[PDB]
Every structure is written in structure tokens, then in C-alpha cells.
Amino acid sequence: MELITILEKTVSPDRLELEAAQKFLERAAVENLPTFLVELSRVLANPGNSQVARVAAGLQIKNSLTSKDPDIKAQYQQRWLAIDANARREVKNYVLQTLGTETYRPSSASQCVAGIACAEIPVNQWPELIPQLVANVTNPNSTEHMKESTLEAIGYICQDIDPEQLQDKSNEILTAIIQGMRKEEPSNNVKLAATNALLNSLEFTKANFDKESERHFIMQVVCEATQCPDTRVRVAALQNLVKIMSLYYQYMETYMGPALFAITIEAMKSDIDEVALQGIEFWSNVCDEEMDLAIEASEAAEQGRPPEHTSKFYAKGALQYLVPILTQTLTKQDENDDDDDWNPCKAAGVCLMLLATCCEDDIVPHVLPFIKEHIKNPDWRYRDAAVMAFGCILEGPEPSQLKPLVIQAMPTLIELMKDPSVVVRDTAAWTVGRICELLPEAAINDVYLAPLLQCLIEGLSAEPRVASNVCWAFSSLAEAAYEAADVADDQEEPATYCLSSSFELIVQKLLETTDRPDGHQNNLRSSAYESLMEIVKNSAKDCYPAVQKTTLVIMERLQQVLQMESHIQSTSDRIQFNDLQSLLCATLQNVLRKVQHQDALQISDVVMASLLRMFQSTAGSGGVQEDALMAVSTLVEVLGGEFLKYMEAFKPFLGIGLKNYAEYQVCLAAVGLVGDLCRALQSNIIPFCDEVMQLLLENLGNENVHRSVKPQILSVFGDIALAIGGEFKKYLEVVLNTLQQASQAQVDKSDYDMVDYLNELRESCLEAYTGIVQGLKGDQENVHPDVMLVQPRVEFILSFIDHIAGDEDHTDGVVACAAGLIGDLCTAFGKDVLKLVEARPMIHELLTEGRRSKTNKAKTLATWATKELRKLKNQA
Amino acid sequence: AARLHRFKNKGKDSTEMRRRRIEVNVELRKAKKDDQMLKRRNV
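(A) Inspection of the overall build of chain A at higher detail. For chain A, the count of helices and strands is 43 helices and zero strands. If you line up chain A on its principal axes, its C-alpha atoms span 95 × 75 × 65 Å. Looking at chain A alone, contacts between residues at least 24 apart form 70% of all its contacts between residues at least 6 apart. With the model as given, the accessible surface of chain A reaches about 42,100 Å², and the carbon-plus-sulfur share is 56%. A distance of 3 Å separates the average location of the 75 positive side-chain charges in chain A from that of its 124 negative side-chain charges.

Below, the structure written as C-alpha cells:
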């Protein structure tokens, strides 16, 4: 009974013994785990056996402990540790000796080293791994298979396991990598492994790159690696080069850049796609970073402080060479090009956008001549490049200089929409949409508006490749037209705008193009539905009958979607059905906000009935359940107090959503809806307040929920107190104690993400206190006899806000909320709080800083705080 | 890849557009609370 015989069944088409033996060896893997591991290692370590059998055994060893899922990987690691130490030594020596001996290029033994070491290194086991691997690489008598196997395992180590445990060992492994990178190595396969290993190990060697002699040697080997006869080493070396640009930019000044500048330009000019891709990516990453540092430089300059780190303007200096190449490589597309495919032409087009943003004015002189010459050239490749280059230049430069160019080139744009080539039509639709978003002045004018709409509506019936793209142009045009009209009559809605003449026509076209049988391609249906939403949202007064007609159609489609729920036969059908439902609810939300109160009443019954049916039929993902939540929320906001008729039916579903520890986003939506519910149905939530209070407290009791849920729980507590009024005394002490416990929380200052979470938690705590005090303040001018209930806790209130004022990490929101509190207790109690703020006079910095902030919220609230404070400063 | 979502509005899709809608609703609700508290502040 030899394991090789059953191992051949894995590669054979017959699989009856495949799963049978696999399950038997898995039962061994839980009971006779050292036995199964030892016998498998023996087979792997026997060169006499067929090498395919050894590969199959190595696959079994790897799959016995590896796992893509981090949780499954963690428990598998614990399973590996749950074995006799001597038993694991029986196979550790086998693995470390089997590698390299096999005459295979995949070298399956390298996988086995990766899995075992990724678990033993954290527990400081197998201390001879690193010295052994280094010795194997550095031994001058090692064979090609020896070195190829070892470097493969090293790269597998760096990629798989976390970087924390290898920080102290980085200097040792680095000397091994660069030893296999020098040109003196005869084979190229070993060099390929060396480049790949360094790619996944660049993060460990932060200290090594700090060293000067190490850095100079490090870039020397990679620079000489790019100029290699083989292409695989060439491309792999380039990915290493772009990574160093993205992280260690500061050290590139010292002759580092003048060396890369020659290699990268040649790499882009190469006809081979892969090397061209890396050359483009390198010159895009430098621009991407250059934008971020430019923001930091301006922020420091406006703050009066010298910048933390500066740039040398590499992109600006070298733009005159990138632009001619980038324009040229655009003329390399093919008519049979996949939409979802990364190509040098697409990368070049994207890269041009960041070029414009980095240098606003210096780009146009180097690109304007190109688009002018090839705008009517008979070959459609060059016509496509010229129009595509036009769209990129829109973002960067100041629009004032662009106005003469765009208005002059408008007549040539419209005729391009009727070009016999679909590719040029697609780019024409994209660039006219961009010209509307960025330069609406040239798009909204009497001469060119009417022809623009004629071509735009004509394009809605074209092929989906361009039909989807032109649809997004309509949404941009509607927003520009809506903003163009400025009624300025305090109504806040213009009576008439430029799109009023043909509003009903374009709405009709958008309705029918949605129902196209081929809307799946290029997300045509998804695009078409959204432009309908933006059209309705951006409608004028005259279009009121039109938006009424659309509401009837949308409601009709909702009832139809109910029937499609009953019959379903495939997972892809489920995805399409769920996406359609989400879009339909999204459109219904927009039309409800626009429609008048009277029409909202008659259709409310059907809207609620359909919405609750979606929630009840929770046969799909959480998207359908979540979408119905805020759809009801916007209905409640527009309905007002009339929603009380639906409380008895909405109550069971509200509790179900509130009591759901899974799908934290869905629970988040329900929490937000409660705040709206108490605001609109004020002073009437009393019969339903006790249940939602208990349900909320239960969710706050446990800990395994998402952290983002917690702050909103505190915010709704304050809003409920404001809504109900003086009836909160039943739960007043419970919420106060819970708020007090949550307020006194401290997290490490180094983690910015924790800092933001704690700051948002502080904002919710402060806002809850304002609602608590306002709940007992009362509408009457005098304080209510319930305001002394919170009197004992005022000292803790002022101590808390003093703690907030002490931290420099205060954002622009906490200061406004704290200032609102100070005024509130000032007007709630009066004389007593004067001594309390006297004992803590440092609060005055918050009062003064509340006006220096640019946010109007802090300025107004702090102005109120200082006004009422001065009344008690000199009252006698 | 990691850059295809920038070329010619290809990034715009169901998941991305839902995110923009959610932030719109949150901003509208937050703004509505602000003036309602402002008028009750009696200032």
C-alpha cells in the first residue's frame, strides 16, 4: 500500500479514489497526524519516485495547512502547533532537504516551506531556517536547481506572512537576495527569482535603505538588471523600480533620478506592451505623489510653517518629453479591443489626466498642436487620439484661457458624433460630457444648445458601447442647466431653465432606453436609470406635469418587479433582479423628494405596501433589505405627521432591523431612521419609545458589533430626549450612566484611525448631552422643574469638556458641539455655573478658538456662548 | 490593474454610486438637524 499509487489518481481523470483517499488521509490528519505527515514527507523526499507523484504529495502537504481565508488559516496554524515537537522535527528536516533536488521548474517544495515557516516564525520555532537558506544561496558550489528553489521559497515567505516578525531579520535575508542579482550569475532563471523575491520584500528593509552604501549598491544591481537580454527579467526589474519611486522618493535626488530618466523613457518607447506598461506606470506614480506633496506644501505655507518635505518638480521639468510619446502611443488601439482590458493606449490616456493636474498651464502648448493637426485625418486611429486628448486637457488649466479654444472647436465636435467609426463616436460622447461638467459656459449658449440636444437625443438609440457613454452626458447637462438658471427669489427653485422646452422628450427617451433588451452590456441599464434620477432631481417648475408622469411609470414597474420575484432559476438572475430592485428604490426616493405633499398622500399607501413586501421577502442579500430602510426614511420626512397611520405595521420590521448583529450597515440604516421618526412624529413616539429604548440598549450591551454603530446610538439618544420632552425621566439615569462610561475612553494617539473613531465618538457624546438638556429646557421662557434632575452631574460635564479642550487633536466639530453645551448649561442653570467655569478658566481658549475656525457652526455657537456669558460677567 | 476605474467613467457602477447616495442622505439629515437646533436655540 504505497502512497504513490493513490497519488496518481489525483492527476488521472478518474476521481473515485481521489476523494476517498483524500478523506482517509484527512481522517489521518486529525487522528494520526504525525503518521500522515511523516509518510507524505518520505514520499516527497524520495527521488526514485515519479516526480509528478512528489508534486501531488507536495500539493497535499500545502493544502493540509494553507488557507486563503485569514480565520481558516489561523485555526489551521493552531492545528499545526497541536502536535508533538519531535513529530514535527521528523518532517521539518525532510522539507529543508527535499527542495532543489527535484528537477522541476515549478518547485512545489517551495510551497511547503512557505506554509510551515509562516506559522513557526511567530512562535520562534525552527531557528535554523534563515541560516540554512542563506548558506544554500551563498554557497559557490550550489547548482541552478538549488538556488532557484531557495529564492522561490524566500519570496513565498515574504508575500504570505506578515512583515512584523521579519523586521529584525531583514538585513540577513537582503544580502542573500542581492547576491543572486549580480550579473556574474550565469543563468537567467535564478536572476528572475531574485527580482521576484525583492519585489515582495521591499517593506522589511526600511533601515537598509536608510544606509547610504547599501542604497547605492541596491539600485546598482536593479538598474543593471533592467538592461538584460531577456524580457521577463526586464519587466520584473521595472516593477521593482516603480515601487522604490512610490515609497523612498526623498533619496532619489542624489543622481538617482538622472539614471532612471534614461531607462524609463526608453521603456515607454518600446513596442513591447509589458515594458511600455511599467514605463507609463512609473511616470504616473511620480505625478500622483507630486499632487499629494503639493497639497501638503500649500497647507504648510498657509499655516506659516515650513513644509515637512518638499519636491523637485520632476514631472514639470520632464513634461516636454513625455507628451510627444504619450500622444503617439494613443494611436495603437484595435477595433477588436476588449472593454475590460489594460492596454498601453488606455494607460497612456489615463496618465495624461494626472499630467494636466500636475501642471495646469504648461501642458496646453505641447498638446494643442497635435489635436489641431489630426482632428480630421482620414485614418480613424489618429482622429480618435486627437479627440481623446482634448478631454484630458480640460481639468488642469484655468478655464479662462480655455474658453476661446472650446467655443472654436464646438462645430467640429458635433459632426464627429456622426463619424462612421463607433470608436470615435464613443470618445466624442465622453468628451462632450466632460466639457459640460467642467466648462458649462460654452455648452449652455443659444447658438450651440439646440444642435447639441439634437445629436444627444439621436445618440440614445445607438449601440450600447456609445449609448451608455452619451447617457452620462445628459446627467451632466441637466445639472449645468439647473445651476445656470438663478431665480434668486428665495424660492430656491428656478421657475424656468434652458432645458424646459424639451424636458418631456428627453425623459421619454430615457424611459424607453432603459427597457432595451440589451441593457446588460456596458452597464447600459444602470447608467440609463441614474441619468433619469439626476434629470428628475434637477427639474424646474414647468416640468411638474412631466415628473408626475414619470412617478406613475416608476410605480408601475415596482409592481411588475414583484412578479419576477416569484420565478427565479439562476444566481445571475438573482444578481440582475437585486440590482433592478435597488435601482427602482433609488429612483423612487428621488421622485418622492420632488413631488408635492398632495400627490405624496395618494400614492403613499401603494409605496409603503410595496416597500414592506421587499423587506418581508428577505430571500436575497442585504442590499434589498437595506435599501427599503432609507426609502421609508425619505417618505417619512416628506409626509410629516401623517405617517402615524403606519406605525402599527412598521413596528415589527423596525425591531427586526434593530435586532440584527450581522449586517452592521443594515442595522446602521435602521438606527438613522429612528432619529427621523422621532423628529417628524414628535410627541407621539411615546407608545413606541420603550421598545426601541430596550432594543437599542441590548445592542449597546454587547461588544462584537462594528465600532461605527456605537456613536449613532448616542446621537439618537439625544434626539429622542428632545422629541419626547420631559418624559425621559424614566430612562434618564440609565442613559446618563452609559454615556458617562463611554465618554471616559482613551486610545493610543499613534493610530490615526483610532483617533478619528474616538473623535467621532466624542462628537456623538456631546450632541447627546445637548439633546438631554434641551429635553428638560421646555418651550416656555422659564426653566422647567425637571431641569434639576441633571444638576448633580454638571461637574462631570465641565470636567469632560475641559479634557476635550486639553487635547490638541480636537477637530472642527467637537469645538462647535462643546461650545453649544457651554451656552446650554449657562442658560439652563444660571448663577451657579459661573463658579464652575471660574474653577476651570482654561475653557476660554475654546471660546476664542470657536471664532477663528472657518466653519460657521463654531463661529455662531461660540458667539452665542460669549454673549450670554458676558451677561453674567457683569450682572452686578 | 488598480487603475481601470479611472478610464472614461468605467469606475461608476452599482457599489460606487450607492456609496455616493449614502453620503448624500447622511449630509442631508445632518444639515436638517443643524437648523432645527439653531431655531430652538433662540438666537
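(B) A look at unusual backbone geometry. Positive phi, normally seen in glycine, also occurs at A:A488, with a value near 55 degrees. In this fold, A:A488 is placed in the loop between α26 (464-484) and α27 (503-514). Its identity as a non-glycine residue notwithstanding, B:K8 has a phi of 55 degrees, on the positive side. Note that B:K8 resides in the segment before α1 (14-40).

(C) How the structure looks around empty space enclosed by the protein. Residues and elements named next belong to chain A. Counted under the stated rule, the structure contains 18 cavities of 30 Å³ or more. Of the volumes computed, that of the largest cavity is approximately 190 Å³. Along its surface, the largest cavity is lined by 15 residues, and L37, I61, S64, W80 and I116 are the ones closest to its centre. Approximately 150 Å³ is the volume attributed to the second largest cavity. Lining the second largest cavity, in full, are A819, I822, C826, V837, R840, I843, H844, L846, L847, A865, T866 and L869. Secondary-structure elements contributing two or more residues to the lining of the second largest cavity are α40 (812-828), α42 (844-852) and α43 (856-873). Looking at side-chain class alone, the lining of the second largest cavity contains nine nonpolar, two polar and one charged residues.

(D) Highlighting the interface of chain B and chain A. At the junction of the two partners, chain B supplies 23 residues and chain A supplies 39 residues. A buried area of about 3,300 Å², summed over both sides, lies between chain B and chain A, and 53% of it is on carbon and sulfur atoms. Across the contact surface, chain B and chain A share eight salt bridges. Among the ionic pairs, A:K857 bridges to B:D34, the shortest N-O distance being 3.2 Å.

(E) Looking closely at a negative patch on the surface. Residues and elements named next belong to chain A. There is a patch of like negative charges on the surface, built from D753, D756, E760, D807, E808, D809 and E845. For the negative patch, the element with the most residues is helix α38 (residues 752-777), which contributes three residues. Mapped onto the elements of the fold, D756 is located in helix α38.

(F) Local environment of helix α9 (residues 144-160) of chain A. Residues and elements named next belong to chain A. An ideal rise of 1.5 Å per residue puts 24 Å on 17 residues; α9 measures up with 24 Å between its terminal C-alpha atoms. Taken across its 17 residues, α9 has 12 buried, putting it largely inside the fold. Turning to α9, its buried residues are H145, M146, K147, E148, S149, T150, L151, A153, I154, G155, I157 and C158. Residues of α9 that are buried sit in contact with α7 (109-120), α8 (129-138), α10 (170-179) and α11 (189-200).

(G) Inspection of the state of the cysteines at higher detail. All names here are of chain A. Inspection of every chain in the model, using the stated rule, returns zero disulfides over all chains. There is no disulfide at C471, and the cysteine sulfur nearest it, in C436, is 13 Å away. There is no disulfide at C765, and the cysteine sulfur nearest it, in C817, is 11 Å away. Among the residues examined, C765 registers a relative accessible area of 2% and is labelled buried.

(H) Main features of the environment of A:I272. With respect to the helices and strands, the residue A:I272 is situated in the loop between α15 (256-269) and α16 (273-302). With 41 residues separating them in the primary sequence, A:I272 and A:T231 have C-alpha atoms 9.4 Å apart.

(I) Expanded view of the side chain of A:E185. Residues and elements named next belong to chain A. Its place among the elements puts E185 in the loop between α10 and α11. Here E185 sits buried without a salt bridge, and the closest side chain of opposite charge, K191, lies 5.5 Å off (N-O distance). In this structure, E185 is in contact with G180, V190 and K191, ignoring residues within four places of it in sequence.

(J) Up close: the packing of α26(A) against helix α28 (residues 524-537) of chain A. All names here are of chain A. Two elements in contact, α26 and α28, have axes whose closest approach is 9 Å; the angle formed by their N-to-C orientations is 15 degrees. Compared by their axis directions, α26 and α28 come out roughly parallel. In terms of crossing hand, the pair formed by α26 and α28 is left-handed. Residue-level inspection shows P464, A467, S468, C471, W472, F474, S475 and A478 of α26 in contact with α28, the latter providing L524, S527, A528, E530, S531, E534 and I535. A breakdown of the residues in the contact of α26 with α28 according to their chemical character gives nine nonpolar, four polar and two charged.

(K) Structural view of the pattern of salt bridges. Under the definition given, this model contains 32 salt bridges over all chains. Close ionic contact of B:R41 with A:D824 constitutes a salt bridge, the shortest N to O distance being 3.0 Å. Taken together, the positions of B:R41 in the segment after α1 and A:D824 in helix α40 put the pair across two chains. Of the two residues, B:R41 and A:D824, neither departs from the other in class, the shared state being buried. Linked through salt bridges whose partners overlap, the residues forming this network are A:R88, A:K92 and A:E120.

(L) Molecular detail of the packing of helix α22 (residues 399-416) of chain A against helix α25 (residues 446-459) of chain A. Residue and element names in this part refer to chain A. Packing of α22 against α25 brings their axes to within 11 Å, and their N-to-C directions diverge by 30 degrees. It follows that α22 is roughly parallel to α25 by the angle criterion. With respect to the hand of their crossing, α22 and α25 are arranged in left-handed fashion. On α25, the residues touching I407, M410, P411 and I414 of α22 are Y448, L452 and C455. Of the residues in the contact of α22 with α25, the class split is seven nonpolar, no polar and no charged.

(M) Up close: a nonpolar patch on the surface. Residues and elements named next belong to chain A. Among the surface-exposed residues, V11, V52 and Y104 lie close enough to one another that they form a single nonpolar patch of about 230 Å² accessible area. The residue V52 is located in helix α4 (residues 51-63) in this model. By relative accessible area, which is 34% here, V52 ends up partly exposed.

About the thresholds
- Residues numbered from 1 in each chain as written, not as in the entry; some residues may be left out.
- Chains lettered and ligands numbered in written order.
- Heavy atoms only, no water.
- Helix = DSSP H or I, 4+ residues; strand = E, 2+ residues; numbered from the N terminus.
- Contact = heavy atoms within 4.5 Å.
- Areas by Shrake-Rupley, 256 points an atom, 1.4 Å probe, with all protein chains shown as cover.
- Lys, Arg positive; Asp, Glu negative; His and termini not counted.
- Charge placed at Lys NZ, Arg CZ, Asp CG, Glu CD.
- 1 Å grid on protein atoms, 1.4 Å probe; cavity = no way out; pocket = protein on both sides within 12 Å on 5 of 7 lines; lining within 4 Å.
- Points joined across faces, edges and corners; volume = space filled by probe spheres on them.
- Nonpolar A, V, L, I, M, F, W, Y, C, P; charged D, E, K, R; others polar.
- Buried area = accessible area lost by both parts, 1.4 Å probe.
- Salt bridge = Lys/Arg side-chain N within 4 Å of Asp/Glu carboxyl O.
- Patch = residues over 30% accessible without salt bridge, like charges linked within 9 Å, V, L, I, M, F, W, Y side chains within 5 Å.
- Expected span 1.5 Å × (residues − 1).
- Buried < 20%, exposed > 50% of the residue type's maximum accessible area, 1.4 Å probe, protein only.
- Disulfide = S-S within 2.5 Å.
- Axes fitted to C-alpha atoms, helices over the stretch in contact; angles between N-to-C directions.
- Parallel < 35°, antiparallel > 145°, perpendicular 65-115°, else oblique.
- Left-handed = near helix turned anticlockwise from the far one by under 90°.

Honestly, that's just the spatial picture; any functional story needs more than this.
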